[PDB]
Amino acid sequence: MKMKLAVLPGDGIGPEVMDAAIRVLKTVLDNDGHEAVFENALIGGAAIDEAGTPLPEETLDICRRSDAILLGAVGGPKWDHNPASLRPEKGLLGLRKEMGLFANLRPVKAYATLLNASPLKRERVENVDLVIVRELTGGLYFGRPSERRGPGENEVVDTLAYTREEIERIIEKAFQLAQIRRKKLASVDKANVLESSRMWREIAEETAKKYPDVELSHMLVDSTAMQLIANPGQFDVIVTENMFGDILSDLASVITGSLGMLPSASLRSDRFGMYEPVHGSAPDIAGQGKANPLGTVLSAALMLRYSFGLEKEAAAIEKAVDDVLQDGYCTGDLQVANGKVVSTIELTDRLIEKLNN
């Protein structure tokens, strides 16, 4: 039904791939019966330009005041020189912690017409359908101390600090995910060495009894890296800590070699989320309409599914996104079968075609 949306196109191709999103986003809404009022805001370099800050003060309002945020991308050679404090990326990492988003979902499903783009043989990547769930707030990244001690500073340390609550929420969000997917979860840690992974494994084990129909399995971080390349089709949902995830995600993001196609979601406790494609802002290409709207489109379908429980539509989008690709219609970047390269806009249209008849 009625929903409110915060649109932050951003830099580079951001605005192009976001238009595709918005148009197709409406095509299915008023087609199913639901309503929705958008409302833009500046983020990244563009905000730096008309507000002096990549994360403008009023943008946060537009966000807090809305249900979900649809993000494009930030970046560009221009501000590539500004002093850290004031740069595109700072602005993005900012609203991320401002919204308190602690879990990042990475859905990696294979497509029949793109497999030839994968580095893996057809039999290992074909029919892959998983989601990497990475922890975002704790870990070795935020843990203090992180200093050089000396004498002479001939010593240094970094810290991996976690709390029962941070571990228990990312892991729980994980079970709920698998719960509604193929109910198969696999907790990834390094429990045979780190005390942090032992607590994690102890926790994931406790939470296990609060979801009886979900098959929990443990796995060491090093072995999961091999299985992701050897037999990734075995996975459903994977939940791991901050660092291990900032890797499993990436790795998992190439075994299909269908990027600029991958969707990304950042959630938290309730249903508020920020969806954005994986690919960057690709500055040296904006204006040309070469932008692949698909990674941002699929991104939108996710918002519908996780943020508003509107599965039909959610799958409608990705189902459409599948047909269009079969016909041979794509925007150059993808290496579709026979092929039939169109434009960002021409493709957005074909998507609205399937979505209507």
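Heads up: residue numbers just count along the shown sequence, starting at 1.
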| query | If you average the CA temperature factors over each stretch, which comes out higher, 51-59 or 299-307? | reply | 51-59
| query | Is the mean CA B factor in the deposited entry higher across 125-133 or across 82-90? | reply | 82-90
| query | Can you tell me which of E195, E153, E202, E172 has the highest Cα temperature factor in the record? | reply | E153
| task | Just say lowest, middle or highest third for the CA B-factor of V239 relative to the other modelled residues in its chain. | result | lowest
| remark: Among the modelled residues of its chain, the C-alpha B-factor of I167 falls in the third labelled lowest
| Lowest, middle or highest third: where is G287 by C-alpha B factor in its chain? | highest
| field | Ranked against its chain, the third holding the CA B-factor of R106 | value | lowest
| remark: In terms of its chain's C-alpha B-factors, the third that includes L259 is the highest
